[PDB]
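As a plain string of letters, each chain reads:
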Amino acid sequence: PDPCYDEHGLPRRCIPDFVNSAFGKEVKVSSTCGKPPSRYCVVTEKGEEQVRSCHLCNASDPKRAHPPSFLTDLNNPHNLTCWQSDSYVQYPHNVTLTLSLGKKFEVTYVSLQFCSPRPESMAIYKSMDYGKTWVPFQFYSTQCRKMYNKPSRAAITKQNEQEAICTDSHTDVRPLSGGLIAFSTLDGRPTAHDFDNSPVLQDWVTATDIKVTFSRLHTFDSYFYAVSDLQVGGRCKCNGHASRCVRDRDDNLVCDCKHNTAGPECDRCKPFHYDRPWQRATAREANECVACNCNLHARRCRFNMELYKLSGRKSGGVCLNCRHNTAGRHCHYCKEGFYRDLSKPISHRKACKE
Ligand SMILES: *[C@@H]1O[C@H](CO)[C@@H](O)[C@H](O)[C@H]1NC(C)=O
Ligand SMILES: *[C@@H]1O[C@H](CO)[C@@H](O)[C@H](O)[C@H]1NC(C)=O
């Protein structure tokens, strides 16, 4: 029931299913305690009092290790899975964790649940080029102006709708453990209520990797970073041209591009279906790609923009190499010297006789 087409076969927008993409994926952390085994300490406030409690981190005897998988795994609110770096780690040392998504994804949110008090200075970066460069996604720092040099909670008007602003809420110690930091990408952008026609916010959510630079916790002799469950929610960027993604031959995640579009993200038109410039599948117009018209006399075609504009943005469909002794934009008329045969249709393999 491919919903990427409606009842009577018409193309209509379709986007995949919202998932915990983080779920089950590997995180390349910058620190995991246990080797060599080491000392850490946890505060447990009971009433007025503060119960200092210290246990050891040893990797090669597993139960007291803290691997990256605790993050993206089944989190169950009893058996809670807190990853934990090497304790005693400070400023100005980029505790950079890096996740590899696997395909262009338009991210709704990024949420972290801390077992240690929510750090003071962290920052969400993002990579749209698949781990080649990085950019400020959103900052957290009770001292924003110094640390990340950004203004503390910058305002987002029509001119910086892609500047990561820098906040300081939920950067608070309490609760010691359990502090969840839920960042919404599109949150606070003046044109969020029209993402279908906001190509810039469509670029603000376009992400391929995520980097997290912890620079500083709070100033409480052990102290560390521990996180329980990590979720990167979002759908698969198919430009509204596929309602599900799948990995292919040599295992690489690409869309199920419909609408005669081509590409991993459907960004372009499949060969021959260049009759209309690829556009974004929005709320009402699939803006699908369309096969040219050659009357079955050709196999390839380009796209002429005058003929689009000069037609009034209708079709730039120009056939390449009309076979079967025809010619013309739509192979719609015989070659020179070959007369047309009224007994045979234009699409015949001998519609044109000598
Ligand atoms: C966690 O898993 C172990 C499995 O042996 C179980 O004993 C324990 O009760 C579970 N949950 C908690 C809250 O300890
Ligand atoms: C820390 O930041 C510096 C900035 O020059 C960079 O070169 C380095 O790779 C970063 N290190 C880590 C561990 O992220």
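Residues numbered from 1 in each chain as written, not as in the entry; some residues may be left out. Chains lettered and ligands numbered in written order. Heavy atoms only, no water.

Regarding the nonpolar core
With 40 residues, the main nonpolar core has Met122, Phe139, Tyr148 and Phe214 as its most contacted residues. Ranked by the residues each element gives to this core, the list is headed by strand β6 (residues 95-107), at 5 residues. When sequence neighbours within four positions are dropped, the list of residues in contact with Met122 reads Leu112, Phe139, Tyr140, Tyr148, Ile181, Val212, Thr213 and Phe214. Counting 8 residues, the second-largest nonpolar core is a separate cluster that includes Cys294, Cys319, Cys322 and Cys331. (Core = buried A, V, L, I, M, F, W, Y, C linked by side-chain atoms within 4.5 Å. Buried < 20%, exposed > 50% of the residue type's maximum accessible area, 1.4 Å probe, protein only. Helix = DSSP H or I, 4+ residues; strand = E, 2+ residues; numbered from the N terminus. Contact = heavy atoms within 4.5 Å.)

Digging into the pattern of salt bridges
Charged atoms that come close allow side chains of opposite charge to pair. Counted under the stated rule, the structure contains 10 salt bridges. A salt bridge links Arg39 to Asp221; the shortest N-O distance between them is 3.3 Å. A relative accessible area of 57% means that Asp221 is categorised as exposed. Between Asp251 and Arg247 there is a salt bridge; the shortest N-O distance is 3.9 Å. Connected through salt bridges with shared partners, the residues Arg39, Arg52 and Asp221 form a single ionic network. (Salt bridge = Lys/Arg side-chain N within 4 Å of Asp/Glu carboxyl O.)

Some thoughts on the environment of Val43
Here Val43 lies in strand β3 (residues 38-46). Since its relative accessible area comes to 26%, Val43 is described here as partly exposed. A sequence separation of 10 residues divides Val43 from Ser53, and the C-alpha atoms of the two residues are 6.1 Å apart. Discounting residues that sit within four places of it in the chain, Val43 has contacts with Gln50, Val51, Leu176 and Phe220.

What about the environment of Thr261?
Along the chain, the position of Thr261 falls in strand β17 (residues 261-262). Residue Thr261 is classed as buried on the basis of its relative accessible area of 5%. Along the sequence, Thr261 and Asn239 sit 22 residues apart, while their C-alpha atoms lie 10.0 Å from each other. A distance of 2.7 Å separates a polar atom in the side chain of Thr261 from the backbone oxygen of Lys258. (Polar contact = N/O pair within 3.5 Å; in protein donor to acceptor, adjacent residues only side chain to side chain.)

Some thoughts on the sheet that holds strand β13 (residues 226-231)
Read across the sheet, 4 strands follow the order β5-β13-β7-β11 without closing on themselves; strand pairing throughout is antiparallel. If you trace the sheet from one side to the other, it starts and ends with β5 (83-84) and β11 (179-184), each paired once. In this structure, strand β7 (residues 109-114) lies alongside β13, joined through 3 bridges in antiparallel fashion. In the sheet register, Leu112 faces β13, and the bridge partner there is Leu230. (Pairing = 2+ DSSP bridges.)

Regarding the UniProt feature "disulfide bond" in the protein chain
Disulfide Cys82/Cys115 (UniProt): S-S 2.0 Å, present in this structure. Here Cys115 lies in the loop between β7 and β8 (121-127) and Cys82 lies in the loop between α1 (69-72) and β5, a separation of 33 residues in the sequence. Classification of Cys115 by relative accessible area gives buried; the value is 15%. Judged by the under 2.5 Å criterion, the sulfur atoms of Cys294 and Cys319, which UniProt pairs in a disulfide, are close enough at 2.0 Å to be bonded in these coordinates. With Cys294 in the loop between β18 (268-269) and β19 (300-301) and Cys319 in strand β20 (residues 319-320), this residue pair connects regions lying 25 residues apart in the sequence. Assessed through its relative accessible area of 3%, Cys294 is described here as buried. (Disulfide = S-S within 2.5 Å. UniProt positions renumbered as here; feature names shortened; annotations may be inferred.)

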